[PDB]
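Enquirer: What follows is a single structure, and I will ask about it in a moment.
Here, each number is a calculation from the coordinates, and none is a lab measurement. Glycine gets a Cβ as well: all are built from the backbone with ideal geometry, and neighbour counts include every protein chain shown.
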Amino acid sequence: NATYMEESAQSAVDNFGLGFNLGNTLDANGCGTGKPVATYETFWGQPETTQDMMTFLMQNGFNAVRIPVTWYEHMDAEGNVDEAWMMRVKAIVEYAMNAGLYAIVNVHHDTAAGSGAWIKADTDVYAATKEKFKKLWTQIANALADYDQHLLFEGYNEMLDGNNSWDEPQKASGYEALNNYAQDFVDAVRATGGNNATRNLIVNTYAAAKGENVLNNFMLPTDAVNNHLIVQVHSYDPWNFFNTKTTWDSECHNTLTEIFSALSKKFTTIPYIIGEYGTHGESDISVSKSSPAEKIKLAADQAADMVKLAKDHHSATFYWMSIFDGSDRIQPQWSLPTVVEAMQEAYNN
Ligand SMILES: OC[C@H]1O[C@@H](O)[C@H](O)[C@@H](O)[C@@H]1O[C@@H]1O[C@H](CO[C@H]2OC[C@@H](O)[C@H](O)[C@H]2O)[C@@H](O[C@@H]2O[C@H](CO[C@H]3OC[C@@H](O)[C@H](O)[C@H]3O)[C@@H](O[C@@H]3O[C@H](CO[C@H]4OC[C@@H](O)[C@H](O)[C@H]4O)[C@@H](O)[C@H](O)[C@H]3O)[C@H](O)[C@H]2O)[C@H](O)[C@H]1O
Ligand SMILES: [Ca+2]
Ligand SMILES: [Ca+2]
Ligand SMILES: [Ca+2]
């Protein structure tokens with residue numbers, strides 16, 4: 001309902017500021033088809049989302065929210081999305097728009113290693129699912145068409161090959177599948193016209209990873225309009241540091257500087273974002289407000305470094321969950337105020 005005003009991908013990324021992932025929420029899945037909307041949204045222990053949560057982000061120094069959504073349990077046999085589900089995605093988008101935030105809606109655990117994932121970097125799977133994927137994106141794009149440029153679409157989350165190979169696919173043909181999905185995503189959205197003709201769209205690398213082969217074999221889709229694509233990767237590097245490091249040390253820092261240097265060396269004319277980062281490591285062990293103080297400081301230091309490096313590289317970052325989690329969301333209040341304070345200082349000073 002705010003009037004759409006076309007803005008470049010780099011402008012959006014610059015305007016994201018500090019970002020947050022509303023994780024384990026609309027992306028939660030596994031209870032089966034035909035359940036009430038709230039049964040999905042609270043299935044992994046998060047509260048139902050409220051307007052005040054989005055207001056709280058904006059009023060406390062954040063300017064963007066990523067809204068992961070898993071779709072497969074909400075699609076019928078013909079690939080039609082349940083209307084109550086699409087209306088709830090819309091409602092949460094509206095909370096973010098009302099709060100003056102940027103928002104990203106994606107296709108989340110329809111990819112990767114979970115049961116139910118059906119989008120895979122596998123040429124047979126791509127051929128079997130491409131029309132279903134384009135039909136899903138046609139529906140999302142039409143349902144969300146009228147929101148202004150603060151809303152972005154992200155085609156797919158962490159696409160893996162058929163063996164759920166993290167880091168890189170076992171066969172190079174996997175990249176052909178990923179690159180084809182990415183093109184189909186852009187094509188399907190653009191075809192719906194209107195604001196979607198120029199909306200900023202986000203395309204992710206294989207596994208949302210960032211190694212040399214994954215970047216070298218990544219092909220940005222062709223787009224008939226200029227500067228309206230963003231690349232996304234995820235970084236919880238050095239892998240498992242939360243369990244093995246006492247402090248965010250020079251090895252940790254150098255690991256991140258090398259990652260941003262590589263991404264920036266590759267993407268000299270296209271923006272990229274760090275769509276997830278956090279302390280999550282082996283067995284998804286992560287920081288919480290009852291972690292020892294030194295471990296919370298570890299989390300704070302990671303976050304401060306990530307935010308500042310991303311800013312230096314004209315990128316942007318989205319925290320995965322921990323800072324604003326579970327029961328704290330309904331108050332609303334930060335779960336990890338010292339981590340957030342380190343982020344705010346790094347971003348603003
Ligand atoms: O070789 C040692 C060391 O030498 C240095 O010189 C070098 O610089 C180091 O990079 C290297 O260490 C290893 O780094 C890799 C990742 O490196 C790539 O990305 C960072 C870049 O700087 C680098 O250039 C790139 O090459 C780490 O790889 C991690 O491995 C774990 C465990 O993987 C094993 O188990 C699963 C199986 O499928 C793998 O094939 C097998 O090796 C992976 O763990 C999985 O991660 C996902 C989440 O990943 C996503 O979120 C995190 C984000 O960083 C990532 O981009 C996303 O894809 C979880 O859901 C899975 O449950 C989990 O198993 C990591 O994803 C992967 O990065 C090595 O561990 C490290 O020793
Ligand atoms: Ca209230
Ligand atoms: Ca993850
Ligand atoms: Ca800047």
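Enquirer: Between the stretch 204-244 and the stretch 285-337, what is the separation of their alpha carbon centroids in Å?
Expert: With the stretch 204-244 and the stretch 285-337 each reduced to a Cα centre, they are spaced 21 Å.
Enquirer: Now for a different question. Quote the charge dipole size of the stretch 6-343 about the Cα centre in Debye, to the nearest 20; the model charges only the Cβ of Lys and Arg (+1) and of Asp and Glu (-1).
Expert: My answer is approximately 220 debye.
Enquirer: What FRET efficiency would be calculated for the residue pair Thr244, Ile270, taking the C-beta separation as r and a Förster radius of 51 Å, to the nearest 0.05?
Expert: With a Förster radius of 51 Å, E is 0.90.
Enquirer: What's the local net charge at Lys135, with K and R +1, D and E -1, over the other residues with C-beta under 12 Å away?
Expert: -1
Enquirer: Additional query: What nm distance separates the two modelled labels at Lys289 and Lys35, each placed 7 Å from Cα along Cα→Cβ?
Expert: A separation of 2.6 nm, rounded to one decimal place.
Enquirer: Next question, about the same structure. What is the spin-label model distance, in nm, from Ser11 to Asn349 if the labels are put 7 Å beyond Cα along the C-beta direction?
Expert: Each label point lies 7 Å from its Cα, and together they span 3.2 nm.
Enquirer: Mind ordering 79-86, 334-341 by average Cβ neighbours within 10 Å, highest first?
Expert: 334-341, 79-86
Enquirer: If you take the charge dipole of the stretch 6-343 about its Cα centre, with +1 on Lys and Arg Cβ and -1 on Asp and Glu Cβ, which of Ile285, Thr70, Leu144 is farthest toward its positive end?
Expert: The Cα lying farthest towards the positive end belongs to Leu144.
Enquirer: Next up: If you count, for each residue, the other Cβ atoms within 10 Å and average over each peptide, how do 254-265, 298-309, 157-168 line up from highest to lowest?
Expert: Highest mean packing first, the order is 298-309, 157-168, 254-265.
Enquirer: How much length is gained if the chain between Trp166 and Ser115 is pulled fully straight, taking 0.36 nm per residue apart and subtracting their Cα-Cα distance, in nm to one decimal?
Expert: Between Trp166 and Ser115, full extension yields 16.8 nm more.
Enquirer: Among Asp122, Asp148, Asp223, which comes first, second and so on when ranked by fewest other beta-carbon atoms within 10 Å?
Expert: Lowest count first: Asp148, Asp223, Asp122.
Enquirer: Under a point spin-label approximation (7 Å from Cα along Cα-to-Cβ), what is the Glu212-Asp52 distance to one decimal in nm?
Expert: 5.2 nm
Enquirer: Distance between the C-alpha centers of the stretch 133-188 and the stretch 1-33? Whole Å please.
Expert: 15 Å
Enquirer: Largest first and in whole Å, what are the equivalent-ellipsoid semi-axes of the stretch 37-174 based on the Cα gyration tensor, each being the root of 5 times an eigenvalue?
Expert: 28, 17, 15
Enquirer: Given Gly17, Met86, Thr247, which one lies farthest toward the positive end of the charge dipole of the stretch 6-343, if we put +1 on the Cβ of every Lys and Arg and -1 on the Cβ of every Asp and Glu?
Expert: Toward the positive end, the furthest listed residue is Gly17.
Enquirer: Sticking with this one: Kirkwood Rh over alpha-carbon pairs of the chain, then Stokes-Einstein at 10 °C and 1.306 mPa s: what D in µm² s⁻¹, rounded to an integer?
Expert: 79 µm²/s
Enquirer: Could I get the Rg over Rh figure for the stretch 121-263? Both from C-alpha atoms, Rh via Kirkwood, rounded to two places.
Expert: Looking at the stretch 121-263, the ratio lands at 1.03.
Enquirer: Quick check on the chain: of the DSSP beta bridges with both residues there, what percent are antiparallel, nearest 5%?
Expert: 5 percent
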